[PDB]
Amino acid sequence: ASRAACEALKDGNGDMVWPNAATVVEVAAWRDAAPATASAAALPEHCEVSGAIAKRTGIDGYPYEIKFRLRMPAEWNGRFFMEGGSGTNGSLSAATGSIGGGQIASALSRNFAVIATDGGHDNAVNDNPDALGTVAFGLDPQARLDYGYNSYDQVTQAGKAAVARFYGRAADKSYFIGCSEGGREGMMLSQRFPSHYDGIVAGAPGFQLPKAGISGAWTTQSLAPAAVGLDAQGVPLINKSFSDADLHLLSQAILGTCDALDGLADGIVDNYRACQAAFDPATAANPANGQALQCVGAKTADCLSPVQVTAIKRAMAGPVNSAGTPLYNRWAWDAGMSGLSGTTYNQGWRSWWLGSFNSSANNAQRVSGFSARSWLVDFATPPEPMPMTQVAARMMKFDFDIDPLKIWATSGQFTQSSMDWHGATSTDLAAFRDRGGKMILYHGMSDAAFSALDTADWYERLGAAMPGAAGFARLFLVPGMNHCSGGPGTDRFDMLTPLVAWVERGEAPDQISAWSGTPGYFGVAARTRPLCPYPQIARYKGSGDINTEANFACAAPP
């Protein structure tokens, strides 16, 4: 481990042999120790290796390759680390090792050898203006296979080869941490390549991402009756269906109905199952005056329109076809759909289905943004690129009897369906568990991108196929937490420490310490709570400060 060993990986006559012959290294530079800053932990002396694998040309004429960045510390804990992606990937991160949970420390700051990838395409090169911008990679079938599983496999094999070459020995254990799309990766790793990583953290995982566009079309068509006004193309303004004050009224009614169902009134719905059975906005009341939430006469700032409650109920039910078959899943009611801290309302929930209120056009993720564009180009087979101005209308005429079949369809050179290369719904985790693999999953209740109930349903099927699943896999649902972060909940936590303590040392996480990044939702300076493994919830012990984990334990729901 030295500077010369770092630069000898930059091709030359050196004996660094890559598993894939098509691996090309651009950068191999020795980096000095960066002292800690106010927002990041100290990074040690490390070797940075940057390169690309499988440089080719797609069937669309665009150049494709699988980029990687690798940082290897001089003082190394013998452990390997890969961080997951986000969105449709296409960008190469700093490769310091984000562990999620709003953490100051990075994996590299903890002396891990860190690797990262771009997914098999670049957002600067593969930006076709006739194929909905940065999702244009979906026009080439191999770029889909790289975004699905191939790129992460290839980068993992190259990273371990370089680690073994630079350190003279193989990594002891390998760990992966990803949120959203990176959470889908982590589950895909445990299923397609169980031998690669010993510990895996998958947060808010989109293990059914090709289905999010179907829910997005259902969302749009359910809320359109409540929409007020048209945009430049005559599409209803979904963002105008609910004001930010309206959403706060809804989250307040959920709080008035389900907050005490866990045994404590604290602005947190810890008994999510009891809320689904108890809450119905058509019958619930506004806790601020005891009157009913659904308006009896004309709309006021103290009531929701009957057309509004109907719309949100249909959206939360989940998409179905005329045959009644559920196309995705239903969503959970939770207080994290809104939230007012200081001046700002919570946008972490409405930004997916509705969009920003003060906008004369649609800007919801599922109406015209990246999510709807991604389904049209990357998840549907054959892909249907189009002008951006027509994506909103495409989600308005979405036929739930013809269009949902495109995520299982195959056509021409697109030899694999999107649910085949992107899906991660398998419960075949025996090979992963039996070699010592441990997996931690977390998901917020107020996640509008992916349903936490759907993650729980997968966790139930895993426990059915493999008795004793809690010995290698636990699910930690987070109340109030939005997608990956934000909302009135404890969204900050260190998940790399328990993951290491589980894989090695064999200590199962009976709970996970967590605190709130914005405690002002509850009007306090700080709030710390334990995250409990499914299906346990946090139970108040009966005395002490309600903003300290020491007064809370993990118990079965009351």
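In this text, residue numbers run from 1 along the sequence as written.
Higher average CA B factor: 127-135, of the stretches 127-135 and 108-116. Taking the PDB entry as given, 8-16 carries the higher mean Cα B factor of the two stretches 8-16 and 539-547. When the C-alpha B-factors of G486, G178, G437, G342 are read from the PDB record, the largest value belongs to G342.
As recorded in the entry, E384 carries the highest CA temperature factor of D457, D244, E384, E185. Annotation for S93: C-alpha temperature factor in the highest third relative to the rest of the modelled chain, per the entry. Residue-level temperature factors show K406 in the middle third of its chain, judged at the C-alpha atom.
Compared with the other modelled residues of the chain, the Cα B-factor recorded for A464 ranks in the middle third. In the PDB entry, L499 places in the lowest third of its chain by CA B-factor. Among all modelled residues in this chain, the alpha-carbon of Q511 has a temperature factor (C-alpha) in the lowest third.
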